[PDB]
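So this first bit is one chain, no partners, the form solved without this ligand, shown in structure tokens.
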């Protein structure tokens, strides 16, 4: 039976939600709400114009397919998905509900020089969630402190994984900033390295104010590409653009992160390698000695196979919209 919906206007946007969700407060657009069925606080996301472009329509479907197929302690879970629409013809709005967390990594870390055990615990949970996500052949692509939510005791959940496509920039792998012809899952490991460096020092590792500055800040630490990496460039113009870059030697990290745990420095060296092929994976990083006090190979699960044949499809907005409506109708809330 269709619950009763109520309408309200928050910051010039109309929100139409079941009466179950009370006291909506702005935090797609996101509101914190009180779930009257459980007595818990929830985050309700209203997707912005979900079916007004092919990009939006496919991203809407993608979000729902990722959320319905991904179950892990360090990955956000879907509590509810709803629409005020009573039929496919009137289906134009989609709302997604998750648990509301205590805070996002950003506010917790704002120029904070965290303790080593705190860093270990946070990074371990990010890598545990990434191992799982990567095992389903999904790349987060935009991992940053703002999409890493933590409760009051530092238990972490990864948000928005697999959604974005290279359409901040402080956490973006150099191969994306240089627009290399291909990239792998370790694009997320570069982001982990940047977040870990920041947790250890209380400073953003690469705070560029523009694209040119960003590349200069990255390459002055990791160095310009060597002879071995240069050979991996398929085209002459790309190869020639790469050589036009100033020329910088790779810096020693023990010097940059003075006073950090040496195992933390050693792990940062393996995450912040310019050559994507030599960068440590999430599963390999979990086995690193820095995480000796958290690592358990029997409690770092992999994901079930994920059918993403839809990603190669070029469908009309109405087709993406009908596929999304089928996923909304078939949704079964977790117990």
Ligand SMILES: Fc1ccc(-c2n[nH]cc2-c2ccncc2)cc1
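Residue numbers count along the first chain shown, from 1. The term rigid core refers to the maximal set of C-alpha atoms that superpose within 1.5 Å between the two forms.
Beyond the structure shown, there is the form deposited with this ligand bound, which is absent from this document and is the topic of what follows.
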Self-check item: in the deposited complex, residue 232 touching this ligand (heavy atom, 4.5 Å)
Solution: yes
Exercise. Answer for residue 256 alone: is it within 4.5 Å of this ligand in the deposited complex, judged on heavy atom distances?
Key: no
Exercise. Answer for residue 219 alone: is it within 4.5 Å of this ligand in the deposited complex, judged on heavy atom distances?
Key: yes
Quiz item: Is there a heavy atom of residue 174 lying 4.5 Å or less from a heavy atom of this ligand in the deposited complex?
Solution: yes
Quiz prompt | Partner-proximal stretch of 85-93, 224-232, 259-267, 200-208 relative to this ligand in the deposited complex, 4.5 angstroms, heavy atom | solution = 224-232
Quiz prompt | The unique member of 57, 274, 303, 286 whose heavy atoms fall within 4.5 Å of this ligand in the deposited complex | solution = 274
Quiz item: Does any residue in 198-216 get within 4.5 Å of this ligand in the deposited complex, counting heavy atoms only, and if so which ones?
Solution: 215
Practice problem: Compare C-alpha positions between the shown form and the other one after fitting on the rigid core and state which of 231, 110, 86, 211 moves by at least 2 angstroms. | Solution: 211
Quiz item: Rigid core fitted, then: does residue 259 show a CA shift of 2 angstroms or greater between the shown form and the other one?
Solution: no
Quiz prompt | Post core alignment: residue 241 C-alpha displaced by 2 Å or more between the shown form and the other one | solution = yes
